[PDB]
Structures are given as C-alpha cells and as structure tokens.
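Take a look at the letters that make up each chain.
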Amino acid sequence: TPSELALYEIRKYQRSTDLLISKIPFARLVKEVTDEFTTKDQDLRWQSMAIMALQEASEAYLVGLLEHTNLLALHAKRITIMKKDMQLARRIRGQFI
Amino acid sequence: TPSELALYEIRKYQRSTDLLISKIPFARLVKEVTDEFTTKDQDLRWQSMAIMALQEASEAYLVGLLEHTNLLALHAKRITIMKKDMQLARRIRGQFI
Amino acid sequence: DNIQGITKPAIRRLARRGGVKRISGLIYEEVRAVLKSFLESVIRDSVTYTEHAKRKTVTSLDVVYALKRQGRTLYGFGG
Amino acid sequence: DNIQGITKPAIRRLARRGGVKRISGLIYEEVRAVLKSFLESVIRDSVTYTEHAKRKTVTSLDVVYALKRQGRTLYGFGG
Amino acid sequence: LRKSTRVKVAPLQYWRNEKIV
Amino acid sequence: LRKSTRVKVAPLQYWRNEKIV
Amino acid sequence: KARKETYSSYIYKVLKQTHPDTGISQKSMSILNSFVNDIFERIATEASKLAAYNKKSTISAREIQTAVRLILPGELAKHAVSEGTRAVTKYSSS
Amino acid sequence: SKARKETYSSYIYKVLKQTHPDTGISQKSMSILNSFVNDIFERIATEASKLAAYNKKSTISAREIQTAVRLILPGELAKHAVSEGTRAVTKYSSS
Amino acid sequence: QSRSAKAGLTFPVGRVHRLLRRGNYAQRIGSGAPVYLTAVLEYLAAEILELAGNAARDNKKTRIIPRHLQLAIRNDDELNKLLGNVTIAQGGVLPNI
Amino acid sequence: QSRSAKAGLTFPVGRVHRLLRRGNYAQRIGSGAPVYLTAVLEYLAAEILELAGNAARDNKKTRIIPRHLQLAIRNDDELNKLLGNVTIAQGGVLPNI
DNA sequence: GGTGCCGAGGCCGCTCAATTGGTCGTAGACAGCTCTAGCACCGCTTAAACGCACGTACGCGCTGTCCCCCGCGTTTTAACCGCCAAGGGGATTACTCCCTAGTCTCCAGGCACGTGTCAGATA
DNA sequence: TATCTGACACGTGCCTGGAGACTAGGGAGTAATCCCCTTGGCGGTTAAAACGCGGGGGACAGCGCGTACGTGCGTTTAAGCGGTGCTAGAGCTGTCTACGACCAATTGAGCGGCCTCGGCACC
C-alpha cells in the first residue's frame, strides 16, 4: 500500500533532525546570489558557519510554509497540494509586505 | 435582487470611513473588562480619546480578520463564510502565540 | 451581559465593509470572542502602563504605547 | 542553471517532513521561487552589514544579525 | 535538589478558544 | 516648483511572483 | 501651562512649497508628526545598534546612511542617500 | 595575545549540577542557552530603558525592571519571576 | 545664521541634534549625522505631502483629510511596504474589484 | 565578598551591573535593578534547564542535545508564547501525533 | 570481545575587573494648591434593533469519467573524503593627529493668545 | 438667495532655546606583520539523482434536494442631545536628604592551555 509507505517515511523524516539538501549546490547558489548583489570590481568571500546558518534558516522557513500549505490543502477536502494553496498561504501570511 | 443589494451595500460601506460600532455599549464593555483586571477596592477611569482610539483599532483588526475569512471562504469555492474559515485564518496568522 | 452590546447589524455592516456577501449564523460568536480577547490583551497592557506611573486615569498615550508594543502602530492620537 | 540544485527529491523530503501525503507537479517551481526570494533578501541584508564594516568576508555574525533584524531570530550560531 | 512549583499544561490552541478551567 | 523624481508603480502581488519588469 | 514643540510649521512650509493652494487639518498634521517621529526613532535606534555592533562610540554620517539603506526600500533609499550626500557637501562648503 | 570571551558557561554548568547531578550538556546546547539568556537580558534592558524614558526620568530602579518583566513574560511566569526578584532584593537589602 | 539655512533645508538641524543627543543613543555624536537625518526626513515629508496633495486634488477638494493620506499610502508599493503594520485613524479601507 | 553570595544567587551581579552601566540604556542605574535582573535570569535558566533535563531523561539519555531543548520548549505553552519567533538549530519539528 | 576515536570534565597558572573607602553634585518624594473632565441624573424623541412569516438558492451527497503522480526497473553524473598548495586577509600592536563635550556669553524664533473670514448648513 | 456657524489662517510678546568662541583629552585613522582559512584541482566510489512505463486511487464535472438565509412589516427599547450638579484627580511649584558617579589600591575571581577518562563503533 502506498499510504503505508507514505506514513512510514513521514514518521521517519519527522523523527530525524538533519538537513535534506546538499551543501555544494546550495553554496554555489548563495555564491551566485551574493555575486549578483556585488559589483564586478570586488568579490566577497564566505565562511563555513554562515552558510550553515543560512541553510538552516531556509529549511526552517520552507518546512513552515509547507506545513501551512498542507493545512490549507487539507481544508479544501483534498490531500494533493496545489500552487493556489501556497499562493493564498503566502498572501495571508502577511510577510514580505 | 439580493446580489444587487449586496453589491450596493458593499460599495456604500467601502466608500464610507466613519465609525461602525456604538459608543456607549463599547464603553460599557471595556469598563466591564477593565473592572476584573484590577483589584476591588480601587478602580480606574477612562478618557474619550483612549476609548475612541481603542475602538478604531479594534474595528480595523476585525475588518482585516473578516477580509481574511472572506478570502478563505472564497478559496473553498463558496460564498457563505463559516466559523471554520475564521478559525483557520486565525491559526495561519500565527498571532497571540 | 455587556458582550451582547455588539448587535448583529453592526457585525453585518463590518462584514459588508470587509467584502462578505453572505454570513452564516455562527460568525457572530467567534467575532465576539476574538474581540473580547483582543480587548482583554490591550486593556491589560494599558492598565499595566497606567499602574506603573501610580496614576488613576488611563490616557490615550498608554493605549498608543500598548498598541505599538504589540506590533500595531496607531497614528493620529499621539507619539 | 544554478537553481537546479534543489531537485525534487529534496523538496519531497522536505514535504514529507512537513507532513504532506501527495505533491503536485507545479509545487517545485514555486518552492524554488520563494527560496530564491528569501535568499535574495537575506543576502542583500548580510552584504549591506558586511560592507558597512569595510570587510570582504561574510561571517556568521552578520547573518544572524540580519536574521534578527528581519524578525527571525536564530539560536546556536553565537551572537 | 531543587524542583519547579509552577503549573504546567499542554499547549493550547488559541484559534479554538479553549478554557483553562 | 518641487516635483517627484523616483518612479512610481502599483502595488505588486508578491504571492503570485510578480516582477517589476 | 507648559508648551510643547511639534513639526507643524516646517510641514506646513513644505506643503506650501509643494502645493501653493492646499489646506490641511489637525488629524492629518498629527498623523504626519507621528509618522516622522516614528521614522526618526527607527533610524536613530538602527544607527545606535549599528555603532554598538562594531564596538564604536560615535554616530557619523556613514552609520546614518547605512541605517537609511537598511530601513528604506530600494528607490526610496537610493534617493534618500543622494539627498543626504548633497546636503552634506552643501553644508561642508565653508 | 588571545582575548578572553565573556560567556555564561560556568554558571549554567553550576545550576545544571545543582538541578541534575548526573545529566551532562553538550556545546551546541550551551551556545543555545547562552544566546537565549543574552536575548532575554537585551529585551528586558531595552524595555526597561524605554519605559523609564517614557516617564521623563533618568534613573532605572527595581520598579522599572519589575514592570518590564511583568510586561514581557506571561502572567504565569511573571508571577514567580517577580516573587523570586522580590525575595532576592530583600535578601540583599537585609544584610 | 541658522544651520538649516546653511545646508538649504527647511526642517531644523539643532532641534533634531539635541533630540538625538539626549536620547541615550551613543556616548558621542558626529557632525554630519543631524544634517543627513534632517535631509532624509525632509525628503520623506515632501514626498508624502506631494502624494497627499495629488490625491486631494484628484477629488476636486481644497483640504487634505486622512482618507486622502490612506489612499496615497495604499496606492504606493514602497509606502505600503514601509507602513505595512501601521493603521491610519479615520482612513478606512480602499475599494477593490 | 561578592554580591552574588550575599544575594544567595548563582549568576554574576557585577557583570550585569557593568553591562547595564555601559549599555547605553540610561544615565543612572539603580542598585536593586542588577540583582533583580540576575535573579530573573537565573530563574528562567533554571526552569528551561530543568525542562531540558527532564526531556533528556525521558529518552534514557545522559547528554543534552538541541532536540531535547526543542522538545522541552515546544511542549510548554508559556515558553512557546515567549519563544514563538526564534528557531533552534538542528532542533527538528514536533511529530503530528 | 579487544581497541582506537573523540568529546566531556578536572587541574595550573595567570591577568584584568569587581570591592572598599571617601567625596560632592543632584533629583524626585513629599506636601501644597488650583482648575477640569469624568461621573451620575434627568426629559424626551426619533433612528435603529427585534420578532414573525416565507420564497428561495446553493452547499452537500451521490454518481460517473478521466488521468497523472507513484513505484519498479535500468543507467548515470556529480557529492564527498583525503590530499595537495598558494595567498588574500582578519586579528593584533604602535603612533601621531584632531572632534567634540564642556563652559560661558549673547540673541533671534516659534508657541500661546487675539482677530478675522469664507465654505457650508439652515431657512 | 439671505443669514448663522465653525475651523483655518494671519498678527503680537518674549523667554527659553539656539548660536558663537577657547580648551584639552581620549578616540578613530594610518602602517606593519603573521598565521587561520579559503579557493581551486585531482583520484576514486558508490550513494543518489535521471529517465521510461504500467495502472490505479484521486481530482473534477453534473444532478437532486431541502434546510438555512435574506426580504418585508408591526413594534419596543435603548442610543444621544443637552442640561444640571458634584468632585476626585490631573497638573504646576517649593524643600532637601538620601542615592549615585568618580578616583586610588588591590586581591580573589574567571578563562586559556594541559591531561585524563569513559562511551561507542570497529574488526
């Protein structure tokens, strides 16, 4: 049964507390982002703990948004999450405004 | 036509910007509220400016909450709002915690 | 029974201003409950403010400070 | 070319951690979009912080300061 | 050698307007 | 004699990932 | 019997310089006063925190400029720092 | 010359040995507790300073700190907080 | 000669200087900070006043009311982002389709 | 004789007094404020540490990990209301049931 | 089952700050007095809330029809560990320069109090 | 269209706030050096990301209904203007004794650098 495996993996991922995103792609992405905000005549370096802290904050925010949009999708008498659910969640959250 | 009357009332109440709650019942309610906050032998007296400011703030907060509840009801493909929509809006808002 | 001071036409007009077309029969109770909770919090903060200053009259400055400390800045009354 | 480092296995793992039983095909794009927006905001704040002090290396102190100024305090990384 | 004495209850859901009682 | 200089745009819907273009 | 100071005359002069024939009420004046006071307080605390971050004990124009860039949005701060630098180079011409 | 860092690890370890004589603690937990107590101290100090400046006063006393801890912490926690604070201040003033 | 006329600014300079010096912000105060803050505040005030005047003239009015200020605030994205958690007394909500 | 021993506390008092002095909070600092703040901080630290120790002993574990801290924080309504916007590094999330 | 890896936990010194005592500028607690908006009551009338009756309209349950995530199988590109290595730069220490708090003296600037005056409500 | 009302706008008085000059002392900018960390590449290697295909549980459209909701009118109650009176409390002012900042000495307090020792996965 797919639902049994789904609940099993949900419990397994909720019991764990480690990261779920690779480090090299995230580092390359944050390097590209910090290069987009910096002029060409200089370059900014990065430490090791700062990237880890930023990644932790990003994963926390993403998990919160995913939980909120899952609750919103469950409110609509369905299990599958849609883009409109996340849109309305981000709109009613009031952040970034 | 009920829809025409509803739209006309919506337009009329969106154009206006005056108070919408009576002053004497609101004052009696806030007095009964502040009565059981302090002790018994002594009480406090209220001014008109503070009362009207609190009334305007509460009106704005209730208008925002009702707008969020209306959006949540529209998300479920229906016009009539319910208490479940307001509860979900309060839960997603994250305030009071 | 002072919480009954908020009549049904007032809540209906508030919902109309907010944009609600149809209202059920269980919205008024939740509206009164959330209004009472918000009032309780704000009035508790204001009474704390006016009691620190060993006074007996709650002014608009205390309510303004209580609204500002909770993240809802109010303009037009002071500050 | 670089936003593809968040392929759907990681997003699925994050959704399973969040308690999701079914994910559509149009969720990964918006997840990447909101992640990129949050990253742009935090990185702009951190770059401003590290440029005010006349430095060319971004430390964890500037990151946690920007996170606290935004409204999301982070514990465990000092400061 | 020291223990707390304050009351501790489960986290309440404010959106449902529960009562402590 | 004083006129605005910065550009003015309508409020963008950030929830729909709108761009300034 | 104790007088207070407000940003009424300056705001009125700025409005008269912007629009030659336009009035104002007491509510709008109080709103603008509260707004400018809140903005000044925000910028001041931001500059103070930024100076305390780098173990500094002075508030120069660099700290205020960085606080303005960190508080105001993109175009708003871009114009504000330009106006501030212009005013600084105009006042320094002695 | 390596400068010394002002942390609260010793007092946290002391109160831990006072509460749990067998339970230890890691380094990340120590850093988390230090950041938490620093944030709480900063919040209380800022609230007390603002509340003292509101009353056009230039002196911060026990009343300002009491009002600040009563406003910041919830009532159930603030009760025991002000109780312990009054006990400590009266024990200090007794000698 | 006042310091405000030397830098070509309408808002005062010594008043805000004393305000930020007596506000318990730092041990010492620079020389270019008060003029910079005065210029920033004057620019913001001029911008919001021009917006309010334009909103009032659009409605063939001769005086500025809080409704015009609320409309000018809600009709700008940057002003709405700066004052997202700020309410205006006697301003009301803006109409929508 | 240290003031901490006279007050019967454990957290330092001289350090808190020096911080309140050179923290740019006020021109004058009282004598009963540092001991009060020290007692409050000690009480809060002892409470949260006892909660974390109980949470760690529940899992028959000797060392304290951030997971135990998160479990102790998220299981108390008072601490959840006090710490509602902060995030714990490597603390995970609460299970659904 | 023996053993190496690694993170807590207890010494050994060692240095920069809390204590102590004495002095002097100062500030708000207290007592005093004066003036005002909050409190309670009265008369009354018309805007507005209330209860009862009923057509209606749409939220919901049921049915049926598509249909696209999901798991299984096979193939593969990059994540990471260990090792290599140069150098840009943060931290630290001296050093000479100058910005501003302090004090004193002198003088213009905006707030509170009169005095109009026209848009709007009323007849 | 003639007449009454109120909030906005312009004129005085002047005193507390704003402006100008000399001093010196600690704070910020400028040079100079070192060593922790970072960027960039290579060998490998398997864990994990990529892609094709079947079928079934889940999403979406249409239909019947019946029960809650808005519309319409008689009727009762409490909002609000407006006086009238009372007064506890807000607000400004004079005294001065006790609480707090500053300066010299110093010593017991808290942190950086060894050394040890138990928990655990390993072969």
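Residues numbered from 1 in each chain as written, not as in the entry; some residues may be left out. Chains lettered and ligands numbered in written order. Heavy atoms only, no water. Residues with missing side-chain atoms left out of burial classes, pairs and counts.

Method of structure determination, per the deposited record: cryo-EM was used for this entry, reaching 3.35 Å resolution.

### Overview of the protein's contact with DNA strand L
The cut-off we apply is this: Throughout, near means a residue has at least one heavy atom within 4 Å of the molecule or strand. Polar contact is the term for a pair of N or O atoms within 3.5 Å; when the atoms are in protein, one must be able to donate a hydrogen and the other to accept it, and sequence-neighboring residues count only if both atoms are side-chain atoms. Only DSSP runs of H or I with at least four residues qualify as helices, and only runs of E with at least two residues qualify as strands; both kinds are numbered from the N terminus onward. Just so you know the grouping, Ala, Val, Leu, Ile, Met, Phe, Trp, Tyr, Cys and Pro go in nonpolar, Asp, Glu, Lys and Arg go in charged, and all remaining residues, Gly too, go in polar.
In the vicinity of DNA strand L, 53 residues are found, and the nearest of them are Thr80(A), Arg12(C), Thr7(D), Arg13(D) and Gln26(G). Sugar and phosphate atoms form 100% of the subset of DNA strand L atoms that lie within 4 Å of the protein. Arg13(D) is positioned with one of its side-chain polar atoms (N or O) 2.9 Å from a phosphate oxygen of DNA strand L. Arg28(J) has a polar side-chain atom sitting 3.2 Å from a sugar or linking oxygen of DNA strand L. With three residues, the single largest contributor to the surface near DNA strand L is helix α2 (residues 23–35) of chain B. Tallied by class, residues from the surface near DNA strand L come to 13 nonpolar, 19 polar and 21 charged.

### Quick word on the protein's contact with DNA strand K
Within the structure, DNA strand K sits among 44 residues, and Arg13(C), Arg12(D), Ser31(I), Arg3(J) and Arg18(J) are positioned closest to it. Among the atoms of DNA strand K lying within 4 Å of the protein, the sugar-phosphate backbone contributes 100%. Measuring from a phosphate oxygen of DNA strand K, one finds a side-chain N or O atom of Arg12(D) at 2.4 Å. Only α2 (23–36) of chain A, β1 (45–46) of chain B, α1 (8–18) of chain C together with α2 (14–21) of chain J provide two or more residues apiece to the surface near DNA strand K. If one sorts the elements of the surface near DNA strand K by residue count, α2(A) sits on top with four residues. Of the residues in the surface near DNA strand K, the class split is eleven nonpolar, 15 polar and 18 charged.

### Looking at the interface of chain A and chain D
One frequent convention defines the size of an interface as the accessible area lost when the parts assemble. Using the following cut-off: Whether two residues touch is decided by their heavy atoms; if any such pair falls within 4.5 Å, the residues are in contact. Strands qualify as paired when DSSP identifies two bridges or more between them.
Residue-level contacts link 52 residues of chain A with 45 residues of chain D. Sorting the residues of the side of chain A that touches chain D by element identifies α1 (2–15), α2, β1 (45–46), α3 (49–75) and α4 (83–93) of chain A as the ones contributing at least two each. Of the residues forming the side of chain A that touches chain D, the biggest block, 15 residues, is contributed by α3(A). Taken together, the residues of the side of chain A that touches chain D sort by class into 30 nonpolar, twelve polar and ten charged. Here β1(A) pairs with strand β1 (residues 57–58) of chain D via two bridges, running parallel.

### Overview of the pattern of salt bridges
Test applied: When a carboxyl oxygen of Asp or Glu lies within 4 Å of a side-chain nitrogen of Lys or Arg, that pair is called a salt bridge. Working definition: with a 1.4 Å probe on protein chains only, accessible area under 20% of the residue-type maximum means buried, over 50% means exposed, and in between means partly exposed.
Overall, the coordinates contain 29 salt bridges over all chains when judged by the stated rule. The residue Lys68(C) makes a salt bridge to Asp38(G) at a minimum N-O spacing of 3.8 Å. In this pair, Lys68(C) sits in helix α3 (residues 60–69) while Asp38(G) sits in helix α2 (residues 26–53), so the two residues belong to two different chains. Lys68(C) gets classed as partly exposed once you look at its relative accessible area, which sits at 33%. Judged by relative accessible area, which is 7%, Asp38(G) ranks as buried. The salt bridge involving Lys8(F) is made with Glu47(I); its shortest N-O contact spans 3.4 Å. Salt bridges linked by common partners bring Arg6(F), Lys8(F), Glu47(I), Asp76(I) and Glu78(I) together as one network.

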